Amino acid sequence: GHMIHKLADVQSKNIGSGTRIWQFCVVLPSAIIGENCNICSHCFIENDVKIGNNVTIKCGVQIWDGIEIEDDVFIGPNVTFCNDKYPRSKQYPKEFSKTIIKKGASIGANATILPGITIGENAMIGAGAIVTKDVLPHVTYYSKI
Amino acid sequence: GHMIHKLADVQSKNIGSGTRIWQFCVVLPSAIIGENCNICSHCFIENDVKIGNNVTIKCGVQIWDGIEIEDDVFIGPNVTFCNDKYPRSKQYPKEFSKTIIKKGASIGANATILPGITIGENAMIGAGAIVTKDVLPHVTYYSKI
Amino acid sequence: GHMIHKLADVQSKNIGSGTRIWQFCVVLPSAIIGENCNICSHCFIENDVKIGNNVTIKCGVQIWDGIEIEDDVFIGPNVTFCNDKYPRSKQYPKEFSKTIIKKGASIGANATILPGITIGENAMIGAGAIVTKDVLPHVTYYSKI
Ligand SMILES: CC(C)(COP(=O)(O)OP(=O)(O)OC[C@H]1O[C@@H](n2cnc3c(N)ncnc32)[C@H](O)[C@@H]1OP(=O)(O)O)[C@@H](O)C(=O)NCCC(=O)NCCS
Ligand SMILES: CC(C)(COP(=O)(O)OP(=O)(O)OC[C@H]1O[C@@H](n2cnc3c(N)ncnc32)[C@H](O)[C@@H]1OP(=O)(O)O)[C@@H](O)C(=O)NCCC(=O)NCCS
Ligand SMILES: CC(C)(COP(=O)(O)OP(=O)(O)OC[C@H]1O[C@@H](n2cnc3c(N)ncnc32)[C@H](O)[C@@H]1OP(=O)(O)O)[C@@H](O)C(=O)NCCC(=O)NCCS
Ligand SMILES: CC(=O)N[C@@H]1[C@@H](O)[C@@H](OP(=O)(O)OP(=O)(O)OC[C@H]2O[C@@H](n3cc(C)c(=O)[nH]c3=O)C[C@@H]2O)O[C@H](C)[C@H]1O
Ligand SMILES: CC(=O)N[C@@H]1[C@@H](O)[C@@H](OP(=O)(O)OP(=O)(O)OC[C@H]2O[C@@H](n3cc(C)c(=O)[nH]c3=O)C[C@@H]2O)O[C@H](C)[C@H]1O
Ligand SMILES: CC(=O)N[C@@H]1[C@@H](O)[C@@H](OP(=O)(O)OP(=O)(O)OC[C@H]2O[C@@H](n3cc(C)c(=O)[nH]c3=O)C[C@@H]2O)O[C@H](C)[C@H]1O
Ligand code: NA
């Protein structure tokens with residue numbers, strides 16, 4: 001089976017064997033999470049969300065409607081995603097922009113992923129990066145400082 | 001009335017009709033929150049805080065003493081504010097620096113707002129931006145990468 | 001004694017007099033925390049962790065295995081650390097990279113600290129900075145925008 005911490009609010013039944021969901025996580029009913037994932041403390045996972053097998057999501061990450069994470073992905077702590085390029089309070093788009101993080105990719109701590117982005121298989125996103133364009137498979141991308 | 005999630009610690013009675021405060025939020029007694037706000041999971045809202053009507057605060061945001069948010073503002077997930085320009089542990093300033101986010105402005109995901117900042121009406125702050133100077137009304141500002 | 005909020009999950013007994021640990025914190029058994037610290041809401045503190053006296057850790061910070069914080073350090077909100085330079089899901093290093101934040105240093109809001117980093121005594125890290133190299137004692141470092 002899977003381990004849901006008593007201090008998490010997990011509303012999805014779609015959770016694979018071996019998955020751990022830690023304290024103060026929120027997981028909404030339609031989320032799909034595969035096997036042997038680690039969803040660390042203080043995460044939010046919305047409804048229109050698919051997460052594969054062997055995925056690590058470190059603390060303080062939110063996975064919004066329209067985001068797909070493939071197998072073997074690493075998401076660093078406080079990584080931020082997004083599904084709305086020109087956000088205005090209470091102006092809901094007809095369709096949320098889709099993001100996909102492809103198999104085995106890794107996103108460094110506190111990176112920011114713009115909406116509509118593909119991060120290719122086995123890519124490596126530097127800690128603190130802002131990703132405004134697709135990252136090609138196996139590419140190491142980081143922002144200039 | 002307003003919806004306070006049983007898993008939130010909300011100590012303020014100053015909360016407008018239609019406002020939702022989600023899991024694992026902390027709201028201290030003197031906070032003022034207007035009508036039809038959405039305060040998403042994992043937020044912290046301090047005492048000397050005013051938030052207007054129709055404000056969206058996405059997950060993982062802290063609103064410190066000295067911060068005012070006007071009506072119709074969007075604050076993206078993991079946006080960070082601040083009220084102390086030269087922080088040293090246990091060195092408390094006589095007065096906290098004030099920040100104001102003016103009506104209808106939007107702050108992108110994981111942006112960082114320095115203390116003493118005004119963001120003008122209907123401004124748009126790019127995801128991951130560092131805002132070290134006031135942003136003029138209706139201006140789109142983002143950091144070089 | 002020390003104050004542990006009923007809404008925190010604190011598993012360490014190694015907590016100094018005067019320390020406050022706030023709502024929705026996780027502190028694992030082997031963590032060492034000194035006297036008169038303030039561990040603000042939504043923090044995660046792992047096992048192989050030493051935190052000195054009079055340390056301020058603002059909301060939404062994770063202190064991983066291999067991180068040491070000396071006395072009188074200020075860590076701003078949503079500051080991110082790290083202990084693994086080339087993270088891949090389920091590829092555990094033999095040894096985690098060590099970070100040390102030296103006495104009286106201050107890290108600004110939403111800064112990102114790469115693994116293996118020393119931040120010298122009384123340094124000041126700008127809000128939103130990415131720290132990829134050691135910061136010398138008493139130096140003010142911030143990223144170009
Ligand atoms: C991106 C990364 C993999 C690159 O490592 P690397 O290829 O060995 O690169 P180097 O350390 O040799 O640094 C090369 C240059 O890029 C810079 N750089 C490296 N990482 C950077 C980053 N994340 N952001 C901005 N600049 C970065 C260095 O400052 C260096 O600059 P210089 O040539 O002017 O001296 C690594 O630095 C990184 O960010 N890893 C992610 C860590 C993480 O978030 N882990 C998960 C949590 S523990
Ligand atoms: C700032 C923003 C509104 C600009 O959108 P835009 O005006 O259509 O700009 P474009 O996409 O045409 O990009 C223009 C250039 O600026 C760069 N850029 C855009 N947004 C950036 C950002 N946030 N940070 C750094 N650079 C950015 C692009 O890389 C592009 O560079 P190039 O000309 O060298 O190719 C948008 O990118 C953004 O950041 N939106 C906020 C998303 C968000 O946080 N939503 C809330 C959570 S879903
Ligand atoms: C880094 C810091 C201490 C510098 O303050 P300062 O030395 O007075 O520097 P100034 O305000 O005079 O700014 C000098 C220049 O650096 C830039 N700058 C300042 N802080 C910056 C930062 N954090 N990131 C990027 N650029 C920064 C300014 O834009 C200015 O640019 P300009 O010369 O082109 O106009 C301060 O800006 C800071 O980041 N403080 C941390 C705040 C914080 O996180 N507190 C804890 C939470 S409240
Ligand atoms: C800073 C970082 O992300 N490093 C990673 C490291 O933490 C570890 O990540 P992973 O999540 O896979 O570690 P684990 O050993 O399987 O599980 C430990 C994590 O589980 C989460 N957890 C664990 C416990 C016991 C808890 O109570 N609450 C909680 O959230 C956070 C802990 O860091 O290994 C990666 C390769 C590394 O990149
Ligand atoms: C990534 C992002 O911020 N996108 C926004 C999007 O999430 C949505 O934001 P908003 O908060 O207004 O959405 P909503 O549909 O009113 O409410 C859903 C949010 O409520 C919060 N919530 C909701 C539930 C059900 C919960 O249990 N816990 C919780 O925190 C987080 C959910 O994303 O619309 C914006 C225009 C968009 O910019
Ligand atoms: C934005 C920022 O970090 N400013 C700092 C400011 O918040 C304050 O930080 P400190 O944590 O030391 O403040 P405090 O007055 O000792 O304690 C108040 C903090 O305690 C935490 N707390 C407090 C209460 C009452 C709570 O319920 N939950 C909770 O997490 C967050 C509050 O900001 O002083 C610094 C010099 C300043 O740099
Ligand atoms: Na952040």
Side-chain angles (χ1 to χ4, degrees), chain A residues 1-79 81 99-107 121, chain B residues 5-8 22-25 40-42 59-60, chain C residues 6-12 23-31 42-49 62 64-65 83-84 87-93 96:
Chain A
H2 55 274
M3 192 288 300
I4 300 167
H5 198 283
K6 70 177 182 175
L7 295 179
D9 179 8
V10 176
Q11 303 173 23
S12 171
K13 303 161 163 170
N14 318 300
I15 304 178
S17 182
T19 282
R20 297 171 281 148
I21 303 168
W22 287 106
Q23 303 96 327
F24 315 125
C25 288
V26 178
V27 180
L28 298 191
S30 285
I32 303 173
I33 305 167
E35 294 176 342
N36 296 305
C37 295
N38 200 30
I39 312 307
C40 299
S41 66
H42 304 105
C43 289
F44 177 86
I45 299 176
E46 218 164 17
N47 279 303
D48 185 18
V49 172
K50 179 161 200 188
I51 294 163
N53 306 316
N54 307 310
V55 171
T56 305
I57 312 195
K58 297 306 308 204
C59 302
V61 175
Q62 309 96 22
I63 312 294
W64 311 108
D65 290 341
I67 312 281
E68 173 166 5
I69 311 300
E70 289 193 344
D71 298 340
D72 302 324
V73 166
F74 173 94
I75 307 179
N78 292 347
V79 166
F81 292 96
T99 294
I100 189 157
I101 315 303
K102 297 289 288 179
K103 162 174 11 95
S106 295
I107 307 179
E121 294 188 5
Chain B
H5 198 283
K6 70 177 182 175
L7 295 179
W22 287 106
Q23 303 96 327
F24 315 125
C25 288
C40 299
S41 66
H42 304 105
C59 302
Chain C
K6 70 177 182 175
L7 295 179
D9 179 8
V10 176
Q11 303 173 23
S12 171
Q23 303 96 327
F24 315 125
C25 288
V26 178
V27 180
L28 298 191
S30 285
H42 304 105
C43 289
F44 177 86
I45 299 176
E46 218 164 17
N47 279 303
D48 185 18
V49 172
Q62 309 96 22
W64 311 108
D65 290 341
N83 60 11
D84 188 9
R88 296 289 182 198
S89 194
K90 310 304 190 180
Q91 303 185 22
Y92 299 100
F96 283 126

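To find a chain, count down the sequence lines: A is the first, B the second, and so on, and within it residues start at 1.
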Is it true that C:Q91 and C:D84 share a donor-acceptor pair across their side chains at a distance under 3.5 Å? no
Examine distances only and state if a side-chain atom of C:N47 and a backbone atom of C:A31 form a donor-acceptor pair shorter than 3.5 Å. no
Side-chain touch A:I51/A:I57, heavy atoms, less than 4.5 angstrom: yes
A:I107 and its side chain to side chain contact (heavy atoms under 4.5 Å, CB included) partner, picked from A:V79, A:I69, A:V73, A:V61: A:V79
Ignoring hydrogens, what is the shortest heavy-atom contact between C:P87 and A:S106? Give both atom names and the distance. O-OG, 2.7 Å
Where does the angle between the aromatic ring planes of B:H42 and A:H42 fall among parallel (under 30°), tilted (30 to 60°) and perpendicular (over 60°)? perpendicular
Could you go through A:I21 and A:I15, starting from their C-alpha distance and side-chain angles, then the distance that decides it, and tell me whether this counts as side chain to side chain contact (heavy atoms under 4.5 Å, CB included)? CA-CA 10 Å; A:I21 303 168; A:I15 304 178; 3.6 Å; yes
In short, C:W64 meets C:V49 closest at the heavy-atom pair O-CG2, 3.4 Å
Using side-chain heavy atoms (C-beta onward) and a distance below 4.5 Å, is A:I33 in contact with A:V27? yes
Carboxylate-amine/guanidinium contact A:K50 A:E68, below 4.0 Å: no
Where is the tightest heavy-atom contact between B:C40 and B:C25, given as atom of each residue plus distance? O-SG, 3.0 Å
Side-chain heavy-atom pair C:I45, C:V26 within 4.5 angstrom cut-off: no
Before you tell me yes or no, could you show the steps for A:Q23 and C:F24 under side chain to side chain contact (heavy atoms under 4.5 Å, CB included), namely the whole-Å CA-CA distance, both residues' side-chain angles and the distance that decides it to 0.1 Å? CA-CA 8 Å; A:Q23 303 96 327; C:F24 315 125; over 6 Å; no
Kindly indicate, with the supporting measurements, whether the criterion side chain to side chain contact (heavy atoms under 4.5 Å, CB included) is fulfilled by A:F74 and C:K90. CA-CA 9 Å; A:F74 173 94; C:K90 310 304 190 180; over 6 Å; no
Using the side chain to side chain contact (heavy atoms under 4.5 Å, CB included) rule, pick out the option among A:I39, A:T56, A:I63, A:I101 that qualifies with A:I75. A:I63
Heavy-atom closest pair, residues A:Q62 and A:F81: O-CD1, 3.4 Å
Check: A:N53/A:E35 side-chain N/O donor and acceptor closer than 3.5 Å: no
Do the side chains of A:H2 and A:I4 get nearer than 4.5 Å, heavy atoms only? yes
C:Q11 side chain vs C:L28 backbone, donor-acceptor pair below 3.5 Å: no
Residue pair A:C59 / A:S41, side-chain heavy-atom distance below 4.5 Å: yes
Does A:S30 use its side chain to pair, donor to acceptor, with the backbone of A:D48 at less than 3.5 Å? no
With side chains defined as the heavy atoms from C-beta onward, is the minimum distance between B:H5 and A:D9 less than 4.5 Å? yes
Between A:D72 and A:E70, is there a side-chain heavy-atom distance shorter than 4.5 Å? no
